[PDB]
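Participant: an experimental structure, sequence included, is below.
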Amino acid sequence: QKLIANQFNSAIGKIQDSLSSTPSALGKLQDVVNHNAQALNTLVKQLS
Amino acid sequence: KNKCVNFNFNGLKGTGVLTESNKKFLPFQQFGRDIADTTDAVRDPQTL
Ligand SMILES: *[C@@H]1O[C@H](CO)[C@@H](O)[C@H](O)[C@H]1NC(C)=O
C-alpha cells in the first residue's frame, strides 16, 4: 500500500509539472478559440 | 451631434451619432478607420 501511494503521489506531481512545462499540450482546446475568433475576423473583412 | 444625424464630410457620406473623440490624429490625417476597415473617426473640415 505504501509503495502504491508513493508512486501515485509522484505521478500526480509529475503530471502537474508536465502541464506547467509543455505549452502545446492544450492545443486541442486552443485551436478551437484560434478557429472561431479568426473566422469572425474574416466575416468582418467582407465589409471591405 | 449626439443624435442619429446623417453626415456628409467632404464627400464621405454616413449615418450615426457624432461624439467627441480622444484619439489624436497626425497633422495630415483626415479619416479614421477601425479594425473593421470602416469609417469610425472623422475630422471636421471647418474646425480641426
Ligand atoms: C474656417 O473659418 C472659421 C471661421 O469662419 C475658422 O474658425 C476656422 O479656423 C477656419 N478654418 C481653417 C482651416 O482655417
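Facilitator: Nice, thanks for sending it over. Residues are numbered from 1 along each chain as shown, chains lettered A, B, ... in the order given.

Participant: how near is residue B:42 to residue A:40?
Facilitator: From residue B:42 across to residue A:40, the span is 26 Å (C-beta to C-beta, to the nearest Å). In this view, the C-beta of every residue, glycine as well, is placed from N, C-alpha and C.

Participant: count the neighbours of residue B:32 for me.
Facilitator: The number of residues packed near residue B:32 is 13, by other C-beta atoms under 10 Å in any protein chain shown.

Participant: quick check: phi and psi on residue B:32?
Facilitator: Reported as degrees, to the nearest 10, the phi and psi values for residue B:32 are phi -120, psi 140.

Participant: residues from chain A in reach of chain B?
Facilitator: A:44-45, A:47-48 (C-beta under 8 Å from any C-beta of the partner chain).

Participant: please redo it, this time with the cut-off set to 7 Å
Facilitator: Chain A comes close to chain B at residues A:44, A:47-48, as judged by C-beta under 7 Å from any C-beta of the partner chain.
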